[PDB]
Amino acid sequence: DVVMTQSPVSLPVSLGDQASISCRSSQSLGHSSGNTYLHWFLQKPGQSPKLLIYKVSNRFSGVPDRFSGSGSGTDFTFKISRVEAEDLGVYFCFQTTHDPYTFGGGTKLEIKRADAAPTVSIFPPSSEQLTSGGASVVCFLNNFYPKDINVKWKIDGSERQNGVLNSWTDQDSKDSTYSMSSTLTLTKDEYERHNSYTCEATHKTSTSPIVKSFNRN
């Protein structure tokens, strides 16, 4: 079973910089490049795999010249001269020389852009979730950088770190930022017992926390 060892797993790169992915096979995949069936695909967030490079170095139709490909016996390198924002996604090597066809573990390519603060907005529980026994307080932290970020939840002043879920979107293929949603869930009865709900986002781009809140009632 040809084992495709792909590295690095994560490749942080700045816009315009050179990017390189390496892939190694436990078996020879051929001896010519026109007999060596090692290819490169890219998988964008929420899309199917796109063939970018086949036969080691043959660039597929519609693929810019920034994408390069070379190799030998068991060693193969994939390069991206000028990394652009739309190159965001995971790169996979894959061979079809031997059965069964095997893939590389994949390489997640991320862009290193400039720091940006999050745009925070807080939302009270829906009028209909309440009539259904529960109460959820959502707060969005949109388009920031870097990815690392903390969210604090204060109920009438006191911190509530129990019952909070957070989720980050994939890097934006346009501004290269991250977005995050924070959800504090409670029962309707406890929700009604309090008035003020705060959402505090502290991020590298600031010493002071961005604070958004609302006064139930």
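Note that residue numbering follows the sequence shown and begins at 1.
Asks: Taking only the CA atoms, which stretch has the higher mean B-factor in the record, 153 to 161 or 35 to 43?
Replies: In the deposited entry, the stretch with the higher C-alpha B-factor mean is 153 to 161.
Asks: So 49 to 57 or 185 to 193, which one's hotter by mean CA B-factor in the entry?
Replies: Averaged over C-alpha atoms, the B-factors run higher in 185 to 193.
Asks: Out of 139, 93, 90, 111, which residue has the highest Cα temperature factor in the PDB record?
Replies: Of the candidates given, the C-alpha B-factor peaks at 111.
Asks: Going by the entry, which third of its chain does the Cα temperature factor of residue 103 land in?
Replies: Lowest third - that is where residue 103 ends up once the chain's C-alpha B-factors are sorted.
Asks: Ranking every modelled residue in this chain by its Cα temperature factor as given in the entry, which third contains residue 116?
Replies: Middle third - that is where residue 116 ends up once the chain's C-alpha B-factors are sorted.
Asks: Name the third of the chain's ranked CA B-factors that contains residue 123, choosing lowest, middle or highest.
Replies: Within its chain, residue 123 is a lowest-third residue by C-alpha B-factor, going by the deposited values.
Asks: Please rank the C-alpha B-factors of the chain's modelled residues and tell me whether residue 129 sits in the lowest, middle or highest third.
Replies: Top third by C-alpha B-factor.
Asks: For residue 97, does the deposited CA B-factor place it in the lowest, middle or highest third of the chain?
Replies: Answer is lowest: the recorded C-alpha B-factor places it there.
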